[PDB]
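Chains as they are written, first to last, in the entry's author numbering: chain C, 1 to 437; chain D, 1 to 437; chain A, 1 to 437; chain B, 1 to 437.
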Ligand SMILES: [Mn+2]
Ligand SMILES: [Mn+2]
Ligand SMILES: [Mn+2]
Ligand SMILES: [Mn+2]
Ligand SMILES: [Mn+2]
Ligand SMILES: [Mn+2]
Ligand SMILES: [Mn+2]
Ligand SMILES: [Mn+2]
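Shown next as structure tokens:
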């Protein structure tokens, strides 16, 4: 029907000259007590994969897709058929979408709702016969001209109302299709210039908005995990949920912290000047690592590139964080990635996903070994042991004060420290990377 | 004695060809209900001004200073004499210092304390005859090899003890000289690599450390304002108090929030990818704008340059934030700036400070007009008025929910927004800048 | 007709509360021996101003324009009428355009040519009754899907042919409408990944392409100035004419240097990690400062923002370079700027241009004073005078060698240098900025 | 004597739990027709390895080294003994140094020369019994206060003379010890501010300086390869030889191009916003890839970090460029890297170098396979074949013009392009990385 050239993609192993096969991702291979499929919980982004056109700030849409002949609802329906065909052939457990990705917006809200329901009906009775499930859905509060000054942070109370309606419908669809999570991304929730901005009001309203959401979620009995996806900027000059930490500060200020977890996207972390691992670590130690958008940016380019994950250091390092968190739990590895404008052929959708999946399979395999062999843990445990005994243990138990500490410091000679062993640790990481065979 | 060429610097007005005079900073000129001196509360950084040598990662110290002939305690004493001479000639209300700036460290802690006390005695009986007062002092927990793995975040509990002692002595000196504030800067409180880092432990300990400090402060009856100075990185690959917001998250997590306010440094804000104004705004709307380090970096250079503030847009924009905060209160405008390595002559210390002071005088003058003429406020007030009436007011009073908002959105036609008027606002800013005459 | 609200914009002076008037740009005010209009040679970018829609990588077109009701050729024609109305009301001497800005592309090249000719006929007989003239035009070799792998650097020789045709027609239109310059921008002339790139071939072909152009220009008797507009990246991961210097290297390698000059755009310079002034200076000292795209980016944002020039330090500093070059000569100050997505009203096109024009008027005024008062020149002349006499003069005349220099160095004691006086120079700049009254 | 713990480091293979052994670098393993040792031509940087102290812009020297007990010439001599011991134990073919690294500077030039000669005598009669040879030496024209305004670009002609003398002596030492290359790095050859800079003069003088050098080199009969090492900035706000391309432009302008080749350092390339491979590629296609400084920076940190190369993608990708250049020829892989301040123990010097050497061994191994299997070449050859036949071949032979190309374009339908296959190529790269076993 849509992808006729492509037959169902299978795991063929490392020594395999077949471009359309998994070299490392074996869905049922066990890594510890769970299979690769259970560990990785892969998900495809509806937006990039089925509605993306390869357009560029300086280029027109160039993507070649079979469903391009259609318009309107025919196109919406065509994409659903295509979507599920792609899911089956690639063997993906999950997918994600924004409301505007699946159905065309109407001239009035009532219309939008109609088109949406139609498409949701179609999606529901398809899930019926597919292994693929909805990881999370979300409301697109940034693309329409109406959200020009924000959504919940808009200076126009009508826009606040409209955004609320689209999130209300969003949660209903989530409940209906049994989404495991619901994602919020504040694309326009920031500022373009402080000069015309009442920041305290905007933040107050953003909090009021989120409160209303968690309330509605209870009322309809949603029970899926609420997620916030941080980003430093783009489109905005400054986006409010800049960081995992920055968003955390916000949630704490307004007492929304217990209702939320974070959706961390690699490209977003690097754009904030942090490493992907760093953002995962911070989320993790706060018990707020909700889910992951697995992509990769270019660190020499200051905008989102949404590339597929091929860098094995990143995947390894990310997986290490994820495994230590006890896994993704309710979230998954959603490929919020996009083929390069130069990879405009249909088969590139497959090449791209295989690349990302194999890269994460490798990362899972090695991150796991690093953990079971206590490669880094062995050392960390050894270098922090001063806090296990004597004065250190007093500091930790909370039985030390400036008096005792000063008294102690006074009898101290030259303090001796040991190496952080960075080059060694880095060398070790390489050795484990290369021991994938 | 030290600066013989230089006579006491006076305000001479705009049309004055004299390089050694204030063109805009008139200590007693009234701007609103306070004089420029009361508004600006200028302070000089002991470190850069009296101990800086113009060294460079690739260059040896090149600064030419009169007190260079001396060594050890003679040098420490010489600098104090020089310091107060400089304060008098420049007419500065305040100064700041790290413990290591004023006295040479000893081979043992007991020695360090002796040298410190000697110099503190000398400083105290000098304040006796000077208008200059101590804005804030601080403990240098980054320069010594002992702090290589952090101070309170060190993996060596002995280093935690040592840091605690130096902060204990720090607070005693603060109490003794009547410092208005006490600053903490976590130069080594971060990481060089996550690979060997137990982040949750380090953060836990940083919190335990700060708790012990606020406890000691109560015990000795300090009552000055505790300040935390954020920075994204340098020396560390990642410094924990990355941001005003990031540090806020930390303080909230450990319940230290009521004891602290922030010391915001321009170069640090830009290094985190924020504008100076932005950091002030965020601090301000949280009632945590404690004090300012008035410098300026180069946005094309990714390290701290600590230049003197000459950019008038920045000074204006910063002052606007400060005035809206109700002023600096207990803090001040500490010139944590440093002359360019090319400006190695003694007179450059004066040229530099005059430049920074005049620039802030201008900024104060125009920021004030912008505020009294309601230039930006007029507009902000107008564009957010939807939240004053009808549905908007319901949202704010907290009497709205997804139901009412959706009901409202359903009867809505095309939503109309108005321009953010950015170019206009920017044009206006220029007009006010140019109306300084 | 199109802008009914707006009446012809006039110079009203500094103290004028009228938003729709020039506060500093007085077309006929003399600054030295030329009027502001002759100095500034302002130009409007057809693309942003008449075809821009405010779309955003995450947002749909939101701009409100009177000619939006039209489609196809009606829209093309409508825009021409509108364009000239705007030119008249704003009093602009020049404009610029890409072929695709003025007429809709056809399904075949022959069609494209037809539509183009029609619109060119219309433009020509309009210039007939207008003061506005064509500064430069250019061929858009980046927007169409066909240029996905480059134009002259494309791996598809058919695309090379097509690009050549569009540049051929481009030069004919230039000759016909009497363009003063012709601009080349290599938007897709770079790479997305080195992995599939034969760089030496691409560069060889880029040179062959440019050679063919200067040859055709001679054949048809064009005689306008060829210009190359550098940019580091975006859309490309790396664009070949990265820099003024990088492009220079290229032109020198292939002997195209005498035929070209540079079109420098502020945002592009900052994106390459240079200051606007820097790029102008480099071009200038090589006699290759051809023309300017007067915009401004955000240094905290790593993509082109194309803002209107409001920063007065930049305009002053740029104008200083331009005046020292002996003026723009054949080029001009083309506003390759774009209103913020938040400034979506028609009147913002006017506010924006007024802002940019006044900002450059101010910059011209003060840059000129700096030059006539020899503010910086006085000093530069003094600090380099060692090369005027003795050994220095020998070095310059070329009568010195390592022998004499070593002999000299051997008899030298401690070398004495003097301050670079940076803070002083910066302070001075401010004083002149503020003396605009 | 110096490194007693450490015994001579040997190649032990991949499965080896010994931290002090090569896992991948086997000096005599053949890769193609040359052994790993002949291919890699490793070199150690005297400066970082023997004179580095781990100091930091905010930290004192913390490095622990056996020769620290000594001062003056005893220290200089001690380091030479240590240096050669290290070379032997690590089995390094080459080393590099700045004049100031090996001997202490005197109070007068005559003194400096004496100390230098003494140490050079010692080095010479040590090379006598060692396999290690001098890859290249250089003159340090940035560390001394005298070079504050540049060296050859200094505004003080006495400094130009002094720099010339130190370069003259530099070339004599090179000739004497048989250096294969001589490196120039313009650390202070740039500007801190354009405001006081006569750029054309500075550049003119830089060229005069380099001319005098190549002349002296001929006079004394040096015959080693002159190298220029580009860098964008640091210490300077802008360094003149910003880029490989920028430096190329300079050399072309002054006709120095035939005498020079480039020394490319990874961290410098990334700092200019280019990838390491990119800089090598550009140099390479111009026949100017002279030698390499093998380090690695952090792309989230905007200053030189000089880390040891552990990232295998980089080493692979760099080696691919080097192999295609026909190897390093006369240059080598000089570890201009430095241990992290946290790796302050003596044994870290070994861990660090092993890490870098193994990483490059791996890179050599896989880069070679990529080349022999024509992995990328196969594809590049296929996608550019339009330039082999028909119109394409005409373009290349130089028998095409705008007329023929337009005529051709006119008969063209829809142009068809094929995928750039980026994700595929990236996936392939991973497969080869993982096939190192
Ligand atoms: Mn993204
Ligand atoms: Mn995302
Ligand atoms: Mn600082
Ligand atoms: Mn500071
Ligand atoms: Mn642009
Ligand atoms: Mn442009
Ligand atoms: Mn370096
Ligand atoms: Mn180097």
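Quick reminder that beta carbons are idealized off the backbone N, C-alpha and C, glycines included.
- Within the region 338 to 392 of chain C, the complete alpha helix (DSSP H) segments at least 4 residues long are 347 to 372 and 375 to 383, listed from N- to C-terminus.
- For residue 252/D, there is no enclosing beta strand (DSSP E); the enclosing alpha helix (DSSP H) has its first and last residue at 244 to 253.
- Using a Cβ-Cβ cut-off of 8 Å, residue 340/D is close to 420, 422 and 423 of chain A, given in chain order.
- Per DSSP, the beta bridge partners of residue 239/D are 190/D.
- Around the Cβ of residue 337/B, a 10 Å sphere holds 16 or more other Cβ atoms; the residue is buried.
- Taking non-hydrogen atoms of ligand 7 into account, the C-beta of residue 304/B is found less than 6 Å away from one of them.
- In this structure the region 295 to 312 of chain D does not lie against the region 8 to 25 of chain D, because fewer than three pairs of beta carbons, one per stretch, are closer than 8 Å.
- Interface annotation, residue 246/B: in contact with chain A, CB-CB separation under 7 Å.
- Taking the CA atoms as reference points, residue 179/C sits about 13 Å from residue 291/C.
- Of the candidates 68/A, 97/A, 61/A and 20/A, 20/A places its Cα closest to the Cα of residue 89/A.
- Sequence-ordered contacts of the region 301 to 333 of chain B with chain D read 301, 302, 303, 304 and 305 [C-beta pairs closer than 9 Å].
- One residue list follows from the rule of a beta carbon closer than 5 Å to any heavy atom of ligand 2, given in chain order as 265/C, 293/C and 336/C.
- Those residues of the region 183 to 201 of chain C placed with their C-beta closer than 8 Å to a C-beta in chain D are 192, 193, 194, 195, 196, 197, 198, 199, 200 and 201, ordered along the chain.
- Counted as a single uninterrupted DSSP element, the alpha helix (DSSP H) harbouring residue 205/C occupies residues 199 to 219.
- Taking a beta-carbon distance threshold of 7 Å, residue 205/B does not count as an interface residue toward chain D.
- The Cβ-Cβ distance between residue 324/D and residue 288/D does not fall below 7 Å.
- Interface criterion met: the Cβ of residue 158/C is under 7 Å from a Cβ in chain D.
- Considering only beta carbons, the part of the region 247 to 260 of chain A lying closer than 7 Å to chain B consists of 248, 249 and 252, in chain order.
- Of 172/D, 148/D, 55/D and 389/D, the smallest CA-CA separation from residue 117/D is found for 172/D.
- Annotated as distal: residue 375/D and residue 312/D, with beta-carbon spacing of 7 Å or more.
- At a cut-off of 6 Å, the beta-carbon of residue 267/C counts as near ligand 1: some heavy atom of the ligand is closer than that.
- Between residue 235/A and residue 58/C, the C-beta gap is smaller than 7 Å, which places the two residues in contact.
- The beta carbon of residue 53/D is closer than 8 Å to those of 61, 62 and 63 in its chain, skipping five residues each way along the sequence.
- 7 Å or more divides the Cβ of residue 309/B from the Cβ of residue 342/B.
- Judged by their CB atoms, residue 82/D and residue 423/A are not nearer to each other than the 7 Å cut-off.
- Within chain D, 143, 144 and 145 have C-beta atoms less than 8 Å from the C-beta of residue 60/B, given in sequence order.
- Contact between residue 199/D and residue 383/C is ruled out by a C-beta separation of about 14 Å, above the 8 Å threshold.
- Annotation for residue 72/B: the continuous alpha helix (DSSP H) segment containing it runs 72 to 90.
- Beta-bridge partners of residue 296/B (DSSP): 307/B.
- As computed with DSSP, residue 21/D is found in a beta bridge with 10/D.
- The alpha carbon of residue 297/D has as its nearest neighbour, out of 283/D, 276/D and 284/D, the alpha carbon of 276/D.
- Pairing residue 226/D with residue 185/D, the inter-Cα distance amounts to about 11 Å.
- The Cβ of residue 56/B sits closer than 7 Å to at least one Cβ of chain D.
- Sequence-distant partners of residue 216/A (beyond 5 residues in either direction) whose C-beta falls short of 7 Å from its own C-beta, in its chain, are 168 and 171.
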